[PDB]
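Just the one chain here, the form deposited without this ligand, laid out as C-alpha cells.
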C-alpha cells in the first residue's frame, strides 16, 4: 500500500501503478493536506521550471503540485481520470462544432496564461494526447507541463529556436486533428519528409479535409512558416469563430 512520501510529509506514494512508459511511470499518490488522490510520476534519470510550475494554477491547465529529485525525478500532478482528446477522437470518431469551439477556446486560454507568466512558459510539446478532459460534459486541461525539458513542430524549432508562436503552430495542428480525426502529415512517413514539407511551407494534406471554412481559416494562420505572420493568441481569440458562441 503506502511506500514513500515527499520530503515534507505532504505527498504519499502508493504501490499501485496507474500508468507506465518508456521514460515515465505513474503511481497513485495522495496529497495528505487535502486527502485528494494525485499522480505520482517517476522519471528515469528543471530548476527554474519547477519554480514556475509549482505556483501555477488555471482552470485549463493540469495542476502541477511539486517536483524533486528522489534519492529518479518525481512530478506530482493532478490526476486526470477521463482520458485525452486523442482518445476522445477515437471514441466518438468525430468532434462536433459546439465542442470544437469550446475546447479550442479553452486550450487557447490555457496557452495564453502560460505565455503571460513572467517569465513566459512555452509548452513546446502540445498535442491531442496531452490535452486532458475533465469529463464527458466538461472542460479541457493542458497537461505534461514539466516534460518538454529532457508533427506539431514549427519549422524554426529544427534550428533549435522557439518562441511563444510554436505553441500556436501546435494548437493549429491540434485543431486540424480535432477537425479531421487523423494524424497530420500521415501522408508522409519519416521525419525527414515532414521536415522538408514543413520548411518549404507545404501544408499537411489533411488540411483540405476540413469541413468548416472558418476553422480551416484558423488552422491556416496558426501554421504559417514565418512565425511573425502567425496569429497571436489575441488574434485567434478575436476571430469570429471564437467570438460567435
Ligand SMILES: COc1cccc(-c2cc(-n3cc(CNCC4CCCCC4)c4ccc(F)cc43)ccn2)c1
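Positions refer to the first chain, counted from 1.
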Legend entry - Where residue 71 meets residue 72 in the shown sequence, the number of deposited residues left unmodelled: 4 to 9
Legend entry - Absent coordinates between residue 150 and residue 151 - deposited residues affected, binned into four classes: 10 or more
Inset, instruction - Look up the CA B-factors in the entry and say which stretch, 156 to 164 or 141 to 149, has the higher mean. - result: 156 to 164
Legend entry - 88 to 96 versus 120 to 128 - greater average Cα B-factor per the deposited record: 88 to 96
Inset, instruction - For the C-alpha B-factor as written in the entry, point me to the maximum among 66, 51, 220, 33. - result: 51
Inset, instruction - For the C-alpha B-factor as written in the entry, point me to the maximum among 192, 176, 38, 56. - result: 192
Legend entry - CA B-factor placement of residue 213, once the chain's modelled residues are sorted into thirds: middle
Legend entry - Assigned third (lowest, middle, highest) for the C-alpha B factor of residue 10: lowest
Legend entry - residue 62 by Cα B-factor - lowest, middle or highest third of the modelled chain: lowest
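Just so you know, the form solved in complex with this ligand exists too; it's not on screen, but the next bit is about it.
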Legend entry - Pocket accessibility after superposing this ligand in the deposited bound form (3+ atoms within 2.4 Å of backbone/C-beta): blocked
Inset, instruction - Would you kindly say which of 194, 179, 30, 53 lies with a heavy atom within 4.5 Å of this ligand in the deposited bound form? - result: 53
Inset, instruction - Name the single residue among 49, 187, 214, 220 that comes within 4.5 Å of this ligand in the deposited bound form, judging by heavy atoms. - result: 49
Inset, instruction - Considering only heavy atoms, tell me if residue 207 and this ligand come within 4.5 Å of each other in the deposited bound form. - result: no
Legend entry - Exercise: residue 198 in contact with this ligand in the deposited bound form, heavy atom 4.5 Å: no
Legend entry - Interface membership of residue 143, this ligand in the deposited bound form, 4.5 Å heavy atom rule: yes
Inset, instruction - Please check if residue 100 has a heavy atom lying within 4.5 Å of any heavy atom of this ligand in the deposited bound form. - result: no
Legend entry - Candidate stretches 102 to 110, 75 to 83, 162 to 170, 88 to 96 - the one whose heavy atoms come within 4.5 Å of this ligand in the deposited bound form: 75 to 83
